[PDB]
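Report on one structure; see the data block that follows.
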Amino acid sequence: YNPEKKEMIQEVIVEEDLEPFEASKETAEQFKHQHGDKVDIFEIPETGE
Amino acid sequence: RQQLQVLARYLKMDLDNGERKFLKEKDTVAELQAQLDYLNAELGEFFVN
Amino acid sequence: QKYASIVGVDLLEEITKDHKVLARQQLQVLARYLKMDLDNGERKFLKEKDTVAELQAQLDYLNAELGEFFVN
Amino acid sequence: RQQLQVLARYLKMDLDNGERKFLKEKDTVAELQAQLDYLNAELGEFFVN
Amino acid sequence: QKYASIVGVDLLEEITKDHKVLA
């Protein structure tokens with residue numbers, strides 16, 4: 001606890017526009033009910049991971 | 001890989017519908033099989049056939 | 001006018017906004033690659049600035065206590 | 001490094017104000033110190049302090 | 001015209017200039 005650094009909740013700075021955003025293979029299990037149906041799926045195996 | 005994604009920001013061309021399609025197409029095949037093998041599990045593969 | 005007289009013969013955006021953003025975009029991702037920081041040109045300038053304000057803060061304390069006739 | 005610079009031609013985004021600022025900010029610190037140490041050179045670091 | 005008759009039913013830049021130069 002450092003009273004000169006009380007921690008809180010915020011957001012950060014921006015980029016040049018080219019971005020869809022992925023995930024990895026670890027905590028899919030509790031953490032899966034935020035977004036909604038917002039994908040550009042391809043269920044045909046041409047990809048791999 | 002980078003210049004790709006930011007370039008897809010611009011056409012608003014989703015690179016992942018080719019998988020969201022494929023993923024929803026997949027679990028509604030597993031749960032569609034889940035029916036189709038319940039019947040063979042209760043009608044028998046001699047009856048259904 | 002002279003020439004004319006010498007002869008006598010008298011007399012929308014968004015297509016550019018996004019056209020800009022990807023350039024702004026392709027810039028930044030391209031700077032990822034050279035590891036070329038676009039903001040040291042300001043972090044330098046910002047630290048150079050507050051260590052001028054606090055450097056003035058000394059330099060005007062003296063004129064505030066020695067007087068602009070003494071220091072001068 | 002090339003595709004960078006020509007791309008900055010287009011946004012008219014100066015890559016060097018981040019240094020022209022810093023350079024003018026610097027010499028007007030040296031000449032600002034040049035005053036601030038003239039006084040310690042004539043009032044003494046016991047008086048100014 | 002034929003089809004219509006067969007039925008009877010009669011009837012700025014600089015955004016591209018610089019958009020070109022970088023190319």
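Lettering of chains follows the sequences in order, A, B, ..., and the numbering in each one begins at 1. Any value given below was found using the heavy atoms of this structure, including those in side chains, with hydrogens, waters and symmetry copies removed.
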**Message:** For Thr51(C) versus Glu54(C), what's the shortest heavy-atom pair and its separation?
**Reply:** CA-CG, 3.7 Å
**Request:** Please report the shortest heavy-atom distance between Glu26(A) and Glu29(A), naming the atom on each side.
**Result:** O-OE1, 2.8 Å
**Asked** Taking the side chain as C-beta and beyond, is there a heavy-atom pair between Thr16(C) and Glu14(E) under 4.5 Å?
**Response** no
**Asked** If you look only at pairs with a residue in residues 10-29 of chain A, which of them pass as a ring pair (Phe, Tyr, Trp, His ring centres under 6.0 Å), with sequence neighbours excluded?
**Response** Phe21(A)-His35(A)
**Message:** Taking atom CG as the centre, does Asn72(C) end up with more than 12 heavy-atom neighbours from other residues, nucleotides or ligands that are less than 6.0 angstrom away?
**Reply:** no
**Prompt:** Rounded to the nearest 0.5 Å, what separation is found between the NZ atom of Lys12(D) and the CG atom of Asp18(E)?
**Reply:** 6.0 Å
**Message:** Using a 6.0 Å cut-off, check whether atom NZ of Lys26(B) has over 12 heavy atoms from anything other than its own residue.
**Reply:** no
**Item:** Nearest-0.5 Å distance that lies between atom NZ in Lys6(A) and atom CD in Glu4(A)
**Value:** 12.5 Å
**Message:** Does atom CG (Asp37(A)) have a neighbourhood of more than 12 heavy atoms from anything else shown, all under 6.0 Å?
**Reply:** no
**Asked** Can you get from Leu22(C) to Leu11(B) by hopping between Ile, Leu, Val, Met, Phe, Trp and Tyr side chains that sit under 4.5 Å apart?
**Response** yes
**Fill in**
Rounded to the nearest 0.5 angstrom, the CD-CG distance for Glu45(D) and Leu43(D) is 9.5 Å
**Prompt:** Side-chain heavy atoms under 4.5 angstrom apart, residues restricted to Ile, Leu, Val, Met, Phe, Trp, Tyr: same cluster for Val6(D) and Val21(E)?
**Reply:** no
**Over 12 foreign heavy atoms within 6.0 Å of NZ, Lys17(E)** = yes
**Request:** List, by chain and then residue number, the residues other than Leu12(E) in its hydrophobic cluster (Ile/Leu/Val/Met/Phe/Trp/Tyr, side-chain heavy atoms under 4.5 Å); write none if there are no others.
**Result:** none
**Prompt:** How about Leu22(E) and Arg9(D): do any of their side-chain heavy atoms sit closer than 4.5 Å?
**Reply:** no
**Asked** Nearest heavy-atom pair of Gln56(C) and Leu32(D): which atoms, and what distance?
**Response** OE1-CD1, 2.9 Å
**Item:** Partners meeting side-chain contact (heavy atoms from CB on, under 4.5 Å) with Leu62(C) (sequence neighbours left out)
**Value:** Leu36(D), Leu39(D), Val48(D)
**Cluster overlap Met36(C) with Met13(D), hydrophobic side-chain contacts below 4.5 Å** = yes
**Request:** Answer yes or no: is there a side-chain heavy-atom contact under 4.5 Å between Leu4(D) and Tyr33(C)?
**Result:** no
**Fill in**
d(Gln35(B) CD, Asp37(B) CG) to nearest 0.5 Å is 9.5 Å
**Prompt:** What heavy-atom pair brings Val29(B) and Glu25(B) nearest, and what distance separates the two atoms?
**Reply:** CG2-O, 3.1 Å
**Item:** Spacing of CD belonging to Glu49(A) relative to NZ belonging to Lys25(A), to within rounding of 0.5 Å
**Value:** 5.0 Å
